[PDB]
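Counting in PDB author numbering, the sequence shown runs from 446 upward without gaps.
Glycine is no exception: its CB is placed at the ideal position from the N, C-alpha and C atoms.
To start, the structure itself, in structure tokens.
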Amino acid sequence: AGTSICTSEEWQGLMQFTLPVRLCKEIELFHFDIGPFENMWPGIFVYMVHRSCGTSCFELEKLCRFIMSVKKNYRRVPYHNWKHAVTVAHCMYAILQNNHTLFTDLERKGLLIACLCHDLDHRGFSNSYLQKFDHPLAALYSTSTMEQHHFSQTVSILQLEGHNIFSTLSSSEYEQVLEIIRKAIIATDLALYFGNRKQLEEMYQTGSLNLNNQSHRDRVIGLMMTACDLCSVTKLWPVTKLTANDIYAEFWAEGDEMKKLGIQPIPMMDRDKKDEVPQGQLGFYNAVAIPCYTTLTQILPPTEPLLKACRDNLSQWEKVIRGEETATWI
Ligand SMILES: Cc1nc2cc(OCc3ccc4ccccc4n3)ccc2s1
Ligand code: NI
Ligand code: NI
Numbered sequence: 446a447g448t449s450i451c452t453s454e455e456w457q458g459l460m461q462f463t464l465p466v467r468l469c470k471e472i473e474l475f476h477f478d479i480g481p482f483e484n485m486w487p488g489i490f491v492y493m494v495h496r497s498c499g500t501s502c503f504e505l506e507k508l509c510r511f512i513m514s515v516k517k518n519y520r521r522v523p524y525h526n527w528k529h530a531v532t533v534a535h536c537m538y539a540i541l542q543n544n545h546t547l548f549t550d551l552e553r554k555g556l557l558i559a560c561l562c563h564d565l566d567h568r569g570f571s572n573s574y575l576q577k578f579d580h581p582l583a584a585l586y587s588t589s590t591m592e593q594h595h596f597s598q599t600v601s602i603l604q605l606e607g608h609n610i611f612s613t614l615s616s617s618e619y620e621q622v623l624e625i626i627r628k629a630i631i632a633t634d635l636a637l638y639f640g641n642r643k644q645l646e647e648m649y650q651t652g653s654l655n656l657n658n659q660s661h662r663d664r665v666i667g668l669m670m671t672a673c674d675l676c677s678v679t680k681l682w683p684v685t686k687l688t689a690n691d692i693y694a695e696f697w698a699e700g701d702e703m704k705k706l707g708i709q710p711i712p713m714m715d716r717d718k719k720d721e722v723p724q725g726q727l728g729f730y731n732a733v734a735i736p737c738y739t740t741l742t743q744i745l746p747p748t749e750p751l752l753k754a755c756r757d758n759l760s761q762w763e764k765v766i767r768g769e770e771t772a773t774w775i
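This is how it looks when you write it as structure tokens:
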């Protein structure tokens, strides 16, 4: 498809963006929701970046270019879209703050960028779909199909004229940050998560875990990328349930495509199977989210508010199964 260069009229306002006061305190929190501030996201990011690695961290004329160009390359799909990008990036920021001195500037800015870019050019179709129905990309990338494409897009965007914001770095620092990013994105493939989790859990429970160990570091950033990518399970109940609607909207659309070629899709992608959602969420929390956050608590205790919320949301889902489900406005 190629990459589309953003029009020059969008960054014309962003360079002038000043952050409202009341948010300056609110942003710092884990459960904070970007939702209500759509027209502020491009600034919310900048602010987070300026706070975590200083004002002169990037060439602001090119950072503003990089962002609004990334914004364009997210499709108007119902979930894996521009809003997801910022939501995830914010959770990174939040983690990074509560663990600031554990990471290099290179790492901090590297991650923040990777987060906003982790789902670039998402078509609203999973790995399973692209691999079971030989999409060109699956033979391009046998494993972690979409994630690899996400990376190449990020790369291509940087390579375009007036985009490279890591240019002010040494060719040694460039090789590393693009790698920190490479690994960061690839880890967001849930496939790799479970293995990664167990390892980290084993390592910790045996005191093996050391963050000066480049291999252990990779894995800790790994679980970070997973924690953030799924942080919708860490927001207050009502947001959690609305975001959930966005995901199924996208899931079912894919299911609509597997029906059009004689394969009954997994219940999760079948709009005719809504009844199974609350039980289906229980599973995902118990098998994935709780593990993800419990582990991350042990490794990084200041992240514990993420787990506190997730346990609450599971507690809410159990309460939905029992029939105590509360009001919703559709
Ligand atoms: C932010 C994300 N939420 C989820 C939830 C998932 O699970 C939802 C799920 C699971 C099993 C089901 C079985 C039947 C019906 C619906 C289901 N939904 C799977 C991946 C992600 S990423
Ligand atoms: Ni993804
Ligand atoms: Ni994602």
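Opening and closing residue of the alpha helix (DSSP H) in which residue i lies
i	result
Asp701	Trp682 to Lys704
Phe511	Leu505 to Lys517
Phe490	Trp486 to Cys498
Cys560	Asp550 to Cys562
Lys764	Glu749 to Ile766
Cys451	Per DSSP, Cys451 belongs to no alpha helix (DSSP H) and is neither H nor E.
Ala583	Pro581 to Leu585
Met669	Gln659 to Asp674
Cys536	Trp527 to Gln542
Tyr574	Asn572 to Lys577
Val600	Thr590 to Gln604
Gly640	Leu635 to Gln650
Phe475	That residue, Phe475, is in no alpha helix (DSSP H); it is neither H nor E in DSSP.
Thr740	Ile735 to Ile744
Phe462	Counting along the chain, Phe462 falls outside any alpha helix (DSSP H), and DSSP gives it neither H nor E.
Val622	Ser616 to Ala632
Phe729	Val722 to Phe729
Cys469	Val466 to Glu471
Proximity of residue i and residue j at Cβ, strictly below 7 Å
i	j	result
residue 386	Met537	Outside the displayed range of the chain (446 to 775) lies residue 386, so it cannot be described from this structure.
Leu575	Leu582	yes
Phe462	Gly499	no
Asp715	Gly700	yes
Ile630	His567	no
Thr679	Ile540	no
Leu745	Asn544	yes
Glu646	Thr740	yes
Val494	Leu565	no
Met591	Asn609	no
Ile479	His535	yes
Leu751	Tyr738	yes
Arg642	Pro723	no
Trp697	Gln761	no
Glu763	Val522	no
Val600	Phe611	no
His476	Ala734	no
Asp674	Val533	yes
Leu464	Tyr492	yes
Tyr638	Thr588	no
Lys517	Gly607	no
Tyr519	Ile692	no
TODO: Taking 8 Å as the threshold, find out whether the segment 686-693 comes into contact with the segment 546-554 through three or more Cβ pairs.
DONE: Result no; under three Cβ-Cβ pairs closer than 8 Å.
TODO: Measuring from each Cβ to the nearest heavy atom of ligand 3, keep the ones under 7 Å and list them in chain order.
DONE: Matched residues: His525, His529, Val533, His563, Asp564, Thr633 and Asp674.
Open item on the list: I want to know whether the segment 662-682 touches the segment 596-604 - three or more CB-CB distances under 8 Å.
Closed with: In this structure the segment 662-682 does not lie against the segment 596-604, because fewer than three pairs of beta carbons, one per stretch, are closer than 8 Å.
- [ ] Tell me, please, whether the segment 647-655 touches the segment 610-620 by the rule of three or more beta-carbon pairs shorter than 8 Å.
- [x] Because the criterion of three Cβ pairs below 8 Å is not met, the segment 647-655 and the segment 610-620 do not touch.
TODO: State whether the segment 456-475 contacts the segment 506-523, with contact taken as three or more CB pairs (one from each stretch) at a distance under 8 Å.
DONE: In short, these stretches touch, since the Cβ pair count reaches three.
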